[PDB]
file work23.tsv (TSV, C-alpha atoms and all ligand atoms)
chain	number	residue	atom	x	y	z
A	1	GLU	CA	-28.41	48.62	15.17
A	2	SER	CA	-31.18	51.14	15.75
A	3	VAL	CA	-32.99	50.04	12.59
A	4	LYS	CA	-32.36	46.36	13.27
A	5	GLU	CA	-33.92	46.55	16.71
A	6	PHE	CA	-36.87	48.61	15.45
A	7	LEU	CA	-37.64	46.06	12.75
A	8	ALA	CA	-37.20	43.12	15.13
A	9	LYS	CA	-39.80	44.58	17.48
A	10	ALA	CA	-42.06	45.41	14.52
A	11	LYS	CA	-42.03	41.79	13.37
A	12	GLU	CA	-42.62	40.46	16.89
A	13	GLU	CA	-45.73	42.60	17.27
A	14	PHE	CA	-46.99	41.87	13.76
A	15	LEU	CA	-46.61	38.11	14.14
A	16	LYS	CA	-48.54	38.00	17.42
A	17	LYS	CA	-51.53	39.68	15.76
A	18	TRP	CA	-51.02	37.75	12.49
A	19	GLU	CA	-51.23	34.44	14.36
A	20	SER	CA	-54.31	35.39	16.42
A	21	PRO	CA	-56.37	37.85	14.34
A	22	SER	CA	-59.11	39.96	15.87
A	23	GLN	CA	-62.62	39.26	14.62
A	24	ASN	CA	-66.14	40.65	15.06
A	25	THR	CA	-65.27	43.80	16.99
A	26	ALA	CA	-68.33	45.93	16.07
A	27	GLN	CA	-71.64	45.64	14.22
A	28	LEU	CA	-73.39	47.70	11.57
A	29	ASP	CA	-76.12	49.22	13.74
A	30	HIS	CA	-73.52	50.86	15.95
A	31	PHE	CA	-73.05	53.37	13.12
A	32	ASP	CA	-75.00	55.99	11.19
A	33	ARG	CA	-74.40	56.21	7.44
A	34	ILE	CA	-73.27	59.67	6.26
A	35	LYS	CA	-71.99	59.61	2.66
A	36	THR	CA	-70.40	57.42	0.00
A	37	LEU	CA	-66.68	58.25	-0.36
A	38	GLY	CA	-65.74	55.76	-3.09
A	39	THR	CA	-67.15	52.84	-5.02
A	40	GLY	CA	-65.96	49.89	-7.12
A	41	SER	CA	-67.01	46.59	-8.65
A	42	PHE	CA	-67.30	44.62	-5.37
A	43	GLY	CA	-67.39	47.22	-2.59
A	44	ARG	CA	-67.66	50.81	-1.44
A	45	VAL	CA	-66.22	53.08	1.21
A	46	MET	CA	-68.66	55.04	3.37
A	47	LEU	CA	-68.30	57.82	5.86
A	48	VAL	CA	-70.03	56.64	9.04
A	49	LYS	CA	-70.42	58.04	12.55
A	50	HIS	CA	-70.38	55.88	15.66
A	51	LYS	CA	-73.69	56.51	17.45
A	52	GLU	CA	-72.29	56.38	20.99
A	53	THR	CA	-68.86	58.02	20.73
A	54	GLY	CA	-69.60	60.36	17.85
A	55	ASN	CA	-66.37	59.38	16.10
A	56	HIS	CA	-66.21	59.35	12.31
A	57	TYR	CA	-64.78	56.41	10.38
A	58	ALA	CA	-64.36	55.25	6.80
A	59	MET	CA	-66.20	51.92	6.50
A	60	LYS	CA	-65.19	49.68	3.60
A	61	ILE	CA	-68.08	47.38	2.70
A	62	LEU	CA	-67.45	44.37	0.46
A	63	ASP	CA	-70.26	42.32	-1.06
A	64	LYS	CA	-69.36	38.65	-0.42
A	65	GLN	CA	-71.13	37.35	-3.54
A	66	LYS	CA	-69.38	39.88	-5.79
A	67	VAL	CA	-66.04	39.11	-4.13
A	68	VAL	CA	-66.53	35.43	-5.01
A	69	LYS	CA	-67.62	36.18	-8.59
A	70	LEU	CA	-64.59	38.42	-9.20
A	71	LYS	CA	-62.12	35.93	-7.67
A	72	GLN	CA	-61.17	38.17	-4.75
A	73	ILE	CA	-61.85	35.80	-1.79
A	74	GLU	CA	-58.22	35.28	-0.79
A	75	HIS	CA	-57.43	38.94	-1.49
A	76	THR	CA	-60.15	40.16	0.90
A	77	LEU	CA	-58.96	37.75	3.59
A	78	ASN	CA	-55.40	39.05	3.02
A	79	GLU	CA	-56.51	42.67	3.34
A	80	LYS	CA	-58.21	42.24	6.70
A	81	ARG	CA	-55.67	39.84	8.26
A	82	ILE	CA	-52.80	42.15	7.29
A	83	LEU	CA	-54.53	45.38	8.31
A	84	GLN	CA	-55.47	44.12	11.76
A	85	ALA	CA	-51.82	43.08	12.35
A	86	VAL	CA	-49.78	46.10	11.10
A	87	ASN	CA	-48.87	49.33	12.90
A	88	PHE	CA	-46.93	52.14	11.19
A	89	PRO	CA	-47.33	55.94	11.10
A	90	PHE	CA	-48.13	56.11	7.36
A	91	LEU	CA	-50.76	53.32	7.23
A	92	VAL	CA	-54.47	54.03	7.77
A	93	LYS	CA	-55.48	52.22	10.96
A	94	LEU	CA	-58.13	49.49	11.04
A	95	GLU	CA	-60.35	50.19	14.06
A	96	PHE	CA	-63.01	47.46	13.78
A	97	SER	CA	-64.01	44.61	11.50
A	98	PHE	CA	-67.05	42.34	11.24
A	99	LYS	CA	-69.24	40.55	8.71
A	100	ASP	CA	-72.93	39.81	8.28
A	101	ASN	CA	-75.09	37.68	6.00
A	102	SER	CA	-74.11	39.70	2.91
A	103	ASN	CA	-71.01	41.83	3.45
A	104	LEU	CA	-67.57	42.17	4.98
A	105	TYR	CA	-66.78	45.38	6.87
A	106	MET	CA	-63.48	47.10	7.66
A	107	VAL	CA	-63.91	50.26	9.71
A	108	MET	CA	-60.89	52.53	9.24
A	109	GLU	CA	-59.84	55.88	10.68
A	110	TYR	CA	-61.38	58.68	8.58
A	111	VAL	CA	-58.81	60.92	6.88
A	112	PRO	CA	-60.64	64.07	5.69
A	113	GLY	CA	-57.82	65.50	3.57
A	114	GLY	CA	-58.64	63.25	0.61
A	115	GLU	CA	-56.60	61.27	-1.89
A	116	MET	CA	-53.30	62.46	-3.31
A	117	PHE	CA	-54.87	61.79	-6.72
A	118	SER	CA	-57.16	64.80	-6.41
A	119	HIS	CA	-54.51	67.15	-5.03
A	120	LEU	CA	-51.99	66.15	-7.70
A	121	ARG	CA	-54.42	66.68	-10.54
A	122	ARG	CA	-55.64	69.96	-9.02
A	123	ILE	CA	-52.11	71.38	-8.53
A	124	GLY	CA	-50.79	69.89	-11.79
A	125	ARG	CA	-47.49	68.50	-10.51
A	126	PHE	CA	-45.59	68.54	-7.22
A	127	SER	CA	-42.18	70.21	-6.94
A	128	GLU	CA	-39.31	67.85	-6.25
A	129	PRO	CA	-39.18	68.70	-2.52
A	130	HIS	CA	-42.92	68.01	-2.27
A	131	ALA	CA	-42.68	64.71	-4.17
A	132	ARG	CA	-39.61	63.77	-2.09
A	133	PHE	CA	-41.47	64.32	1.19
A	134	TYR	CA	-44.17	61.85	0.13
A	135	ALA	CA	-41.68	59.45	-1.47
A	136	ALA	CA	-39.67	59.26	1.77
A	137	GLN	CA	-42.80	58.15	3.62
A	138	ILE	CA	-43.40	55.40	1.05
A	139	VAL	CA	-39.77	54.25	1.28
A	140	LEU	CA	-40.10	53.86	5.06
A	141	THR	CA	-43.50	52.20	4.75
A	142	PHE	CA	-42.19	49.64	2.25
A	143	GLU	CA	-39.14	48.98	4.42
A	144	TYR	CA	-41.58	48.17	7.23
A	145	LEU	CA	-43.97	46.07	5.14
A	146	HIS	CA	-41.28	44.14	3.28
A	147	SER	CA	-39.56	43.26	6.56
A	148	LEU	CA	-42.83	41.47	7.49
A	149	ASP	CA	-42.70	39.48	4.22
A	150	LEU	CA	-45.57	41.60	2.84
A	151	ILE	CA	-45.95	43.07	-0.64
A	152	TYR	CA	-48.34	46.02	-1.07
A	153	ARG	CA	-49.03	45.78	-4.84
A	154	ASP	CA	-51.34	48.77	-5.27
A	155	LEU	CA	-49.21	51.90	-4.97
A	156	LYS	CA	-50.84	54.79	-6.86
A	157	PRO	CA	-52.07	58.31	-5.97
A	158	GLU	CA	-55.66	57.20	-5.31
A	159	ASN	CA	-54.47	55.00	-2.44
A	160	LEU	CA	-52.49	57.69	-0.59
A	161	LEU	CA	-54.58	59.85	1.71
A	162	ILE	CA	-53.29	63.18	3.01
A	163	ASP	CA	-53.88	63.67	6.73
A	164	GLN	CA	-54.43	66.76	8.88
A	165	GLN	CA	-50.67	67.22	9.28
A	166	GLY	CA	-50.03	66.81	5.54
A	167	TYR	CA	-48.56	63.32	5.89
A	168	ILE	CA	-49.49	60.23	3.86
A	169	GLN	CA	-51.65	57.41	5.11
A	170	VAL	CA	-51.78	54.44	2.74
A	171	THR	CA	-55.22	52.92	2.21
A	172	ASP	CA	-56.58	49.88	0.37
A	173	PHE	CA	-54.75	46.67	1.16
A	174	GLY	CA	-56.94	44.70	-1.27
A	175	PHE	CA	-53.89	43.43	-3.19
A	176	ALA	CA	-51.50	43.23	-0.23
A	177	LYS	CA	-50.18	39.75	0.51
A	178	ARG	CA	-47.84	37.95	2.87
A	179	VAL	CA	-45.67	36.20	0.30
A	180	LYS	CA	-43.92	32.90	0.93
A	181	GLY	CA	-41.01	33.12	-1.49
A	182	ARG	CA	-42.65	34.54	-4.61
A	183	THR	CA	-46.18	35.04	-5.88
A	184	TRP	CA	-47.97	35.01	-9.23
A	185	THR	CA	-51.33	36.84	-9.29
A	186	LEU	CA	-51.97	39.29	-12.10
A	187	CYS	CA	-53.29	42.25	-10.14
A	188	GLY	CA	-52.55	45.87	-9.58
A	189	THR	CA	-53.34	48.84	-11.81
A	190	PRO	CA	-51.94	48.77	-15.40
A	191	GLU	CA	-49.86	51.96	-15.33
A	192	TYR	CA	-48.06	50.80	-12.15
A	193	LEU	CA	-47.36	47.15	-13.01
A	194	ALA	CA	-43.76	45.99	-13.07
A	195	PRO	CA	-42.55	44.10	-16.15
A	196	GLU	CA	-42.33	40.80	-14.29
A	197	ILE	CA	-46.06	41.01	-13.45
A	198	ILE	CA	-46.93	41.69	-17.10
A	199	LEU	CA	-44.72	38.76	-18.18
A	200	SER	CA	-46.43	36.28	-15.82
A	201	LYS	CA	-43.35	35.62	-13.70
A	202	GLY	CA	-43.11	34.67	-10.06
A	203	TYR	CA	-42.34	37.96	-8.39
A	204	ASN	CA	-41.34	39.55	-5.11
A	205	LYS	CA	-41.19	42.93	-3.32
A	206	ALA	CA	-39.22	44.36	-6.25
A	207	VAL	CA	-42.61	45.12	-7.83
A	208	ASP	CA	-43.30	47.66	-5.06
A	209	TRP	CA	-40.00	49.44	-5.74
A	210	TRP	CA	-40.88	49.62	-9.45
A	211	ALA	CA	-44.24	51.12	-8.50
A	212	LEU	CA	-42.47	53.70	-6.35
A	213	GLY	CA	-40.56	54.79	-9.45
A	214	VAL	CA	-43.85	55.18	-11.31
A	215	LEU	CA	-45.33	57.17	-8.41
A	216	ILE	CA	-42.34	59.50	-8.10
A	217	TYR	CA	-42.39	60.13	-11.84
A	218	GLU	CA	-46.13	60.82	-11.75
A	219	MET	CA	-45.85	63.15	-8.74
A	220	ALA	CA	-43.02	65.16	-10.30
A	221	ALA	CA	-44.35	65.25	-13.90
A	222	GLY	CA	-48.11	65.26	-13.23
A	223	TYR	CA	-48.70	62.16	-15.37
A	224	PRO	CA	-47.37	58.61	-15.24
A	225	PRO	CA	-44.44	57.48	-17.39
A	226	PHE	CA	-46.37	54.75	-19.28
A	227	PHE	CA	-49.91	55.43	-20.52
A	228	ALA	CA	-52.02	54.57	-23.57
A	229	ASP	CA	-55.58	53.89	-24.67
A	230	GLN	CA	-55.36	50.12	-24.33
A	231	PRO	CA	-53.66	48.08	-21.58
A	232	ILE	CA	-51.54	46.08	-24.04
A	233	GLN	CA	-50.11	49.37	-25.33
A	234	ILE	CA	-49.21	50.40	-21.78
A	235	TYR	CA	-47.64	46.99	-21.20
A	236	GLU	CA	-45.50	47.22	-24.34
A	237	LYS	CA	-44.08	50.52	-23.08
A	238	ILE	CA	-43.43	49.13	-19.58
A	239	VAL	CA	-41.46	46.12	-20.81
A	240	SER	CA	-39.49	48.09	-23.43
A	241	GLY	CA	-36.78	49.46	-21.13
A	242	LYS	CA	-37.40	53.00	-22.46
A	243	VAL	CA	-38.61	56.00	-20.45
A	244	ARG	CA	-38.56	59.71	-21.35
A	245	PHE	CA	-38.16	62.37	-18.68
A	246	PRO	CA	-39.36	65.99	-18.73
A	247	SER	CA	-36.49	68.43	-19.09
A	248	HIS	CA	-37.52	70.05	-15.79
A	249	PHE	CA	-36.55	66.89	-13.87
A	250	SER	CA	-33.26	67.21	-12.01
A	251	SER	CA	-30.36	64.96	-12.95
A	252	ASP	CA	-30.59	63.31	-9.53
A	253	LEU	CA	-34.29	62.55	-10.05
A	254	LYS	CA	-33.64	61.01	-13.47
A	255	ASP	CA	-30.85	58.86	-12.05
A	256	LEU	CA	-33.01	57.54	-9.21
A	257	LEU	CA	-35.87	56.81	-11.61
A	258	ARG	CA	-33.65	54.87	-14.02
A	259	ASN	CA	-32.71	52.62	-11.07
A	260	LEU	CA	-36.29	52.16	-9.80
A	261	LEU	CA	-37.76	51.78	-13.32
A	262	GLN	CA	-35.15	49.11	-14.08
A	263	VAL	CA	-36.79	46.39	-16.15
A	264	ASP	CA	-34.31	43.75	-14.91
A	265	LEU	CA	-35.58	43.03	-11.40
A	266	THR	CA	-32.17	41.68	-10.36
A	267	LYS	CA	-30.69	45.17	-10.97
A	268	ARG	CA	-33.51	47.28	-9.50
A	269	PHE	CA	-32.95	49.56	-6.52
A	270	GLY	CA	-34.60	48.12	-3.43
A	271	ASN	CA	-33.83	44.56	-4.62
A	272	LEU	CA	-30.02	44.59	-4.43
A	273	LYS	CA	-27.72	43.39	-1.64
A	274	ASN	CA	-27.90	46.80	0.09
A	275	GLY	CA	-31.69	46.74	-0.02
A	276	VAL	CA	-33.53	49.92	0.86
A	277	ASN	CA	-30.28	51.73	1.61
A	278	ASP	CA	-29.48	52.16	-2.09
A	279	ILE	CA	-32.60	54.32	-2.18
A	280	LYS	CA	-32.16	56.12	1.14
A	281	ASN	CA	-28.54	57.02	0.30
A	282	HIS	CA	-29.25	58.21	-3.24
A	283	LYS	CA	-28.38	61.83	-3.98
A	284	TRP	CA	-32.03	62.69	-4.69
A	285	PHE	CA	-32.71	61.99	-0.99
A	286	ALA	CA	-29.63	63.83	0.33
A	287	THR	CA	-31.76	66.48	2.09
A	288	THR	CA	-34.05	63.89	3.72
A	289	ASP	CA	-33.82	63.38	7.49
A	290	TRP	CA	-35.24	59.86	7.63
A	291	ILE	CA	-35.74	59.84	11.40
A	292	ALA	CA	-37.49	63.21	11.37
A	293	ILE	CA	-39.88	61.99	8.66
A	294	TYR	CA	-40.69	58.87	10.68
A	295	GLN	CA	-41.29	61.02	13.79
A	296	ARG	CA	-43.50	63.41	11.78
A	297	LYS	CA	-41.29	66.33	12.77
A	298	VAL	CA	-40.86	67.78	9.26
A	299	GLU	CA	-43.27	70.55	8.28
A	300	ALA	CA	-45.35	69.24	5.42
A	301	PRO	CA	-45.46	70.93	1.98
A	302	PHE	CA	-49.21	71.15	2.02
A	303	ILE	CA	-52.03	70.94	4.58
A	304	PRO	CA	-55.39	69.95	3.03
A	305	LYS	CA	-58.23	72.38	3.53
A	306	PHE	CA	-61.18	70.94	5.45
A	307	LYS	CA	-63.63	72.17	8.05
A	308	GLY	CA	-63.50	69.40	10.65
A	309	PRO	CA	-63.32	65.65	11.18
A	310	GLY	CA	-66.69	65.10	9.46
A	311	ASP	CA	-66.02	67.20	6.35
A	312	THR	CA	-66.32	65.28	3.05
A	313	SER	CA	-65.41	68.16	0.73
A	314	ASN	CA	-62.12	66.54	-0.39
A	315	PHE	CA	-64.01	63.46	-1.67
A	316	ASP	CA	-66.34	63.54	-4.63
A	317	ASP	CA	-70.02	62.76	-5.04
A	318	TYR	CA	-71.37	59.29	-5.84
A	319	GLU	CA	-74.86	57.89	-6.25
A	320	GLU	CA	-76.07	56.91	-2.77
A	321	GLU	CA	-77.07	53.20	-2.87
A	322	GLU	CA	-78.56	50.88	-0.19
A	323	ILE	CA	-76.47	48.80	2.26
A	324	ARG	CA	-78.60	45.66	2.08
A	325	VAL	CA	-78.13	42.64	4.33
A	326	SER	CA	-79.75	39.41	3.18
A	327	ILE	CA	-82.04	37.47	5.50
A	328	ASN	CA	-79.92	34.43	4.58
A	329	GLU	CA	-76.20	33.89	5.11
A	330	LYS	CA	-74.17	34.05	1.89
A	331	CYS	CA	-70.76	32.48	1.34
A	332	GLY	CA	-70.29	31.63	5.01
A	333	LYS	CA	-67.69	28.93	4.46
A	334	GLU	CA	-65.52	31.05	2.16
A	335	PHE	CA	-65.27	33.86	4.73
A	336	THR	CA	-65.07	31.80	7.96
A	337	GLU	CA	-61.77	33.38	9.01
A	338	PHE	CA	-62.85	36.98	8.51
B	1	LIG	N1	-59.85	53.55	-0.19
B	1	LIG	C1	-60.60	54.63	0.26
B	1	LIG	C2	-61.47	55.29	-0.61
B	1	LIG	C3	-62.14	56.43	-0.19
B	1	LIG	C4	-61.95	56.92	1.09
B	1	LIG	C5	-61.11	56.25	1.98
B	1	LIG	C6	-60.84	56.80	3.30
B	1	LIG	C7	-61.02	57.98	3.92
B	1	LIG	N2	-60.50	57.94	5.19
B	1	LIG	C8	-60.02	56.76	5.29
B	1	LIG	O1	-60.17	55.99	4.18
B	1	LIG	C9	-60.44	55.10	1.56
B	2	LIG	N1	-48.93	32.23	7.98
B	2	LIG	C1	-48.44	32.62	6.74
B	2	LIG	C2	-49.31	32.84	5.67
B	2	LIG	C3	-48.84	33.35	4.48
B	2	LIG	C4	-47.49	33.64	4.32
B	2	LIG	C5	-46.60	33.40	5.36
B	2	LIG	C6	-45.18	33.73	5.21
B	2	LIG	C7	-44.44	34.32	4.25
B	2	LIG	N2	-43.11	34.40	4.63
B	2	LIG	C8	-43.11	33.87	5.80
B	2	LIG	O1	-44.32	33.44	6.24
B	2	LIG	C9	-47.08	32.89	6.57
B	3	LIG	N1	-49.66	32.17	0.28
B	3	LIG	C1	-49.21	30.90	0.56
B	3	LIG	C2	-49.48	29.83	-0.30
B	3	LIG	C3	-49.04	28.55	0.01
B	3	LIG	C4	-48.30	28.33	1.15
B	3	LIG	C5	-48.01	29.38	2.02
B	3	LIG	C6	-47.19	29.16	3.21
B	3	LIG	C7	-46.82	29.89	4.27
B	3	LIG	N2	-46.04	29.15	5.13
B	3	LIG	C8	-45.98	28.00	4.56
B	3	LIG	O1	-46.65	27.91	3.39
B	3	LIG	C9	-48.48	30.66	1.72

call {"tool": "encode", "arguments": {"input": "work23.tsv", "output": "C-alpha cells"}}
result
Amino acid sequence: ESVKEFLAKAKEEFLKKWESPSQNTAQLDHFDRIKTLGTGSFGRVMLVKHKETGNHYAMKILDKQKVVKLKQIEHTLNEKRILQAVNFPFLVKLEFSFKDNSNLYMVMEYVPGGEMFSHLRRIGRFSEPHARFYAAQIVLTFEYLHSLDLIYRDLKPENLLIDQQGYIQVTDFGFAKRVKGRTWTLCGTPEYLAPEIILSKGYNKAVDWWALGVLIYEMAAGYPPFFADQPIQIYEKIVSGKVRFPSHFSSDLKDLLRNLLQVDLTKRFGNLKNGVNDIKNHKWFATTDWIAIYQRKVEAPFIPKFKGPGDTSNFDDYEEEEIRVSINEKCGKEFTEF
C-alpha cells in the first residue's frame, strides 16, 4: 500500500503540472556563458552562471530551425513538457525554460561529476555491486516514469550523470514521450534499441526494460552486448535472440540479463503481470534495500572528483561557438506551446 499511495500522489502532482505547464521563466541575459559541456546536430549544453544569484546551471540550447529540419519538433515539446512536470530523486531538475527568436532553452541543475560514460570507460568496468547500485536507481526511476504513462527511450551511459553524493541523475529527455497506448517512432541509440523498435512495431515501456538490460551488461562488462561497424549489423545481433556473457558475470547476473534482453516483449521482465516486481525480487537484487536507495541513504561506490560547483573538469573540451539570436522570429507557430 506504501508504493500504491506514493505512486498515486506522484501522478496527481505530475498531472497538475502536465495540464498547466510553466513557460517563460527566465531569459538569456540573466546568465553568463562559461563553457560548452556537450554538442549535437541541433543543440548544445552550456555551463552558465546566473548573474544575480551566482548559481551554476546546465543550459540546453536547441536551434529551432535545425529542430524542424531534423524532424524533432514534437520531441522537443515532449522533452520540456515532461521535464517541467516530473519530480524524482534520480532525474536532473529543470529550473527554468524560455525561448527567443532562434532557440529553445532548458536550464537544468548543473551536476559537476560528469557522465557515467566517462567514468565507465576510465575505470574499465564496474563491479557487480557498483553496477547494481546504479541499476537500482534506474529501476525506481522507470517505475516512476512508467506509472505516469511515460517512456524514456534514451537510456545509455552518456545520459546518466553522477552527482556529488555518487547517485545518478538522468539527463536528456529528448526522446521521452507520454504514450497513449503504444508508439512508433524510430529513435534511440542503435546499441540500446529493443527488437520491436528495429522491426517497426508499435511499442510500449518494455523498450526501457530492454535498454536496462543493455545498460547493466555494459556497466558490468565495460562494453555493450551488441556492437558492430554498421547499424544493420548491430540490429541483426539484437533481433537474433543470442547474447554471450563474460565468464566473470555471476549466474544471477546472467539470469537477470536473459530476462531483460528477452526478444519476445510479451515475456520480458518489467512487462509481465507482476511488473517491476519481477526485477526488484530477482536474486541479483537480493542485497538491495529499495527504500534506502530511494532515500539516498546507501553509501555510494564512487564519489566523482571535482573542485566545486563550477568545476568542468569531468566534461571534455569542445569548440566554443556563438549563441546567436536572430533579429526575426523563426518557427514561432511550431513552438507556440514551449
Ligand atoms: N545532456 C547533458 C550533456 C552535458 C552536460 C549535461 C549536464 C550537466 N549538468 C547537468 O546536465 C547534460
Ligand atoms: N495529454 C496527453 C498527451 C499525450 C499523452 C497522454 C496520455 C497517455 N496516457 C494517458 O494520457 C495525454
Ligand atoms: N501522442 C498522442 C497522439 C495522439 C493522441 C494522443 C492522445 C492523448 N489522449 C488522447 O489522445 C496522444

call {"tool": "residues_near_ligand", "arguments": {"input": "work23.tsv", "ligand": "ligand LIG 1 (chain B)", "cutoff": "8 Å", "atoms": "all atoms listed in the file", "output": "PyMOL selection string"}}
result
chain A and resi 37-39+44-47+57-60+92+108-112+114-115+158-159+161+171-172+315

call {"tool": "closest_atom_pairs", "arguments": {"input": "work23.tsv", "of": "chain A", "to": "ligand LIG 3 (chain B)", "cutoff": "12 Å", "atoms": "all atoms listed in the file", "output": "tab-separated table"}}
result
residue	atom	partner	partner_atom	distance
A:19	CA	B:LIG3	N2	11.8
A:74	CA	B:LIG3	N1	9.2
A:75	CA	B:LIG3	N1	10.5
A:77	CA	B:LIG3	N1	11.3
A:78	CA	B:LIG3	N1	9.4
A:149	CA	B:LIG3	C7	10.4
A:150	CA	B:LIG3	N1	10.6
A:151	CA	B:LIG3	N1	11.6
A:176	CA	B:LIG3	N1	11.2
A:177	CA	B:LIG3	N1	7.6
A:178	CA	B:LIG3	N1	6.6
A:179	CA	B:LIG3	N1	5.7
A:180	CA	B:LIG3	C9	5.1
A:181	CA	B:LIG3	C9	8.5
A:182	CA	B:LIG3	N1	8.9
A:183	CA	B:LIG3	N1	7.6
A:184	CA	B:LIG3	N1	10.1
A:185	CA	B:LIG3	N1	10.8

call {"tool": "residues_around", "arguments": {"input": "work23.tsv", "residues": "range 330-333 of chain A", "least_positions_apart": "4", "cutoff": "8 Å", "atoms": "all atoms listed in the file", "output": "PyMOL selection string"}}
result
chain A and resi 64-65+101-102+326

call {"tool": "write_last_selection", "arguments": {"input": "work23.tsv", "atoms": "C-alpha atoms", "output": "PDB file, keeping the file's coordinate frame"}}
result
ATOM      1  CA  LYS A  64     -69.360  38.650  -0.420  1.00  0.00           C
ATOM      2  CA  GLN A  65     -71.130  37.350  -3.540  1.00  0.00           C
ATOM      3  CA  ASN A 101     -75.090  37.680   6.000  1.00  0.00           C
ATOM      4  CA  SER A 102     -74.110  39.700   2.910  1.00  0.00           C
ATOM      5  CA  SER A 326     -79.750  39.410   3.180  1.00  0.00           C
TER       6      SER A 326
END

call {"tool": "closest_residue", "arguments": {"input": "work23.tsv", "among": "A:259, A:20, A:55, A:87", "to": "ligand LIG 2 (chain B)", "atoms": "only C-alpha atoms and all ligand atoms"}}
result
A:20

call {"tool": "residues_around", "arguments": {"input": "work23.tsv", "residues": "residue 63 in chain A", "least_positions_apart": "5", "cutoff": "6 Å", "atoms": "all atoms listed in the file", "output": "number ranges by chain"}}
result
A: 42-43, 103

call {"tool": "write_last_selection", "arguments": {"input": "work23.tsv", "atoms": "C-alpha atoms", "output": "PDB file, in the coordinates of the input"}}
result
ATOM      1  CA  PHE A  42     -67.300  44.620  -5.370  1.00  0.00           C
ATOM      2  CA  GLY A  43     -67.390  47.220  -2.590  1.00  0.00           C
ATOM      3  CA  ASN A 103     -71.010  41.830   3.450  1.00  0.00           C
TER       4      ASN A 103
END

call {"tool": "residues_near_point", "arguments": {"input": "work23.tsv", "point": "(-43.4, 62.6, -11.3)", "cutoff": "10 Å", "atoms": "all atoms listed in the file", "output": "PyMOL selection string"}}
result
chain A and resi 120+125-128+131+213-225+245-246+249+253+257

call {"tool": "closest_residue", "arguments": {"input": "work23.tsv", "among": "A:284, A:80, A:31, A:293", "to": "residue 93 in chain A", "atoms": "only C-alpha atoms"}}
result
A:80

call {"tool": "closest_residue", "arguments": {"input": "work23.tsv", "among": "A:70, A:116, A:300, A:145", "to": "ligand LIG 2 (chain B)", "atoms": "all atoms listed in the file"}}
result
A:145

call {"tool": "closest_residue", "arguments": {"input": "work23.tsv", "among": "A:15, A:7, A:140, A:86", "to": "residue 292 in chain A", "atoms": "only C-alpha atoms"}}
result
A:140

call {"tool": "closest_residue", "arguments": {"input": "work23.tsv", "among": "A:287, A:247, A:295, A:147", "to": "ligand LIG 2 (chain B)", "atoms": "only C-alpha atoms and all ligand atoms"}}
result
A:147

call {"tool": "atom_distance", "arguments": {"input": "work23.tsv", "atom1": "CA of residue 169 in chain A", "atom2": "CA of residue 134 in chain A"}}
result
10.0 Å

call {"tool": "closest_residue", "arguments": {"input": "work23.tsv", "among": "A:21, A:166, A:241, A:275", "to": "ligand LIG 2 (chain B)", "atoms": "all atoms listed in the file"}}
result
A:21

call {"tool": "residues_around", "arguments": {"input": "work23.tsv", "residues": "residue 138 in chain A", "least_positions_apart": "2", "cutoff": "9 Å", "atoms": "all atoms listed in the file", "output": "number ranges by chain"}}
result
A: 90, 134-136, 140-143, 168, 170, 212

call {"tool": "atom_distance", "arguments": {"input": "work23.tsv", "atom1": "CA of residue 304 in chain A", "atom2": "CA of residue 190 in chain A"}}
result
28.3 Å

call {"tool": "residues_near_point", "arguments": {"input": "work23.tsv", "point": "(-39.2, 47.5, -14.8)", "cutoff": "7 Å", "atoms": "only C-alpha atoms", "output": "list in words"}}
result
residues 194, 195, 210, 238, 239, 261, 262, 263, 264 and 265 of chain A

call {"tool": "atom_distance", "arguments": {"input": "work23.tsv", "atom1": "CA of residue 306 in chain A", "atom2": "CA of residue 118 in chain A"}}
result
13.9 Å

call {"tool": "residues_around", "arguments": {"input": "work23.tsv", "residues": "residue 252 in chain A", "least_positions_apart": "3", "cutoff": "8 Å", "atoms": "only C-alpha atoms", "output": "PyMOL selection string"}}
result
chain A and resi 255-256+283-284

call {"tool": "axis_aligned_box", "arguments": {"input": "work23.tsv", "around": "ligand LIG 2 (chain B)", "padding_each_side": "6 Å", "output": "lines of an AutoDock Vina configuration file"}}
result
center_x = -46.2
center_y = 33.3
center_z = 6.1
size_x = 18.2
size_y = 14.2
size_z = 15.7

call {"tool": "decode", "arguments": {"input": "work23.tsv", "residues": "range 312-337 of chain A", "atoms": "C-alpha atoms", "output": "short mmCIF file (atom, residue, chain, number, x, y, z; two decimals), in the first residue's frame"}}
result
data_model
loop_
_atom_site.label_atom_id
_atom_site.label_comp_id
_atom_site.auth_asym_id
_atom_site.auth_seq_id
_atom_site.Cartn_x
_atom_site.Cartn_y
_atom_site.Cartn_z
CA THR A 312 34.03 21.49 -15.54
CA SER A 313 36.92 19.02 -15.30
CA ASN A 314 34.64 15.95 -15.65
CA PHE A 315 33.35 17.21 -19.03
CA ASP A 316 35.51 17.41 -22.11
CA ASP A 317 36.53 20.29 -24.36
CA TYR A 318 34.51 21.43 -27.38
CA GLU A 319 34.96 24.23 -29.88
CA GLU A 320 33.32 27.33 -28.37
CA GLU A 321 30.70 28.62 -30.86
CA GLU A 322 28.38 31.69 -30.76
CA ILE A 323 24.86 31.68 -29.23
CA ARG A 324 23.21 33.76 -31.94
CA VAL A 325 19.66 35.09 -31.73
CA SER A 326 18.09 36.23 -34.99
CA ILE A 327 16.55 39.68 -35.28
CA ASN A 328 13.50 37.88 -36.73
CA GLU A 329 11.32 35.24 -35.10
CA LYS A 330 11.83 31.75 -36.53
CA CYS A 331 9.34 28.90 -36.37
CA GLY A 332 7.04 30.72 -33.95
CA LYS A 333 3.95 28.69 -34.74
CA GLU A 334 5.68 25.31 -34.37
CA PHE A 335 6.93 26.16 -30.87
CA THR A 336 3.92 28.12 -29.54
CA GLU A 337 3.47 25.81 -26.54
#
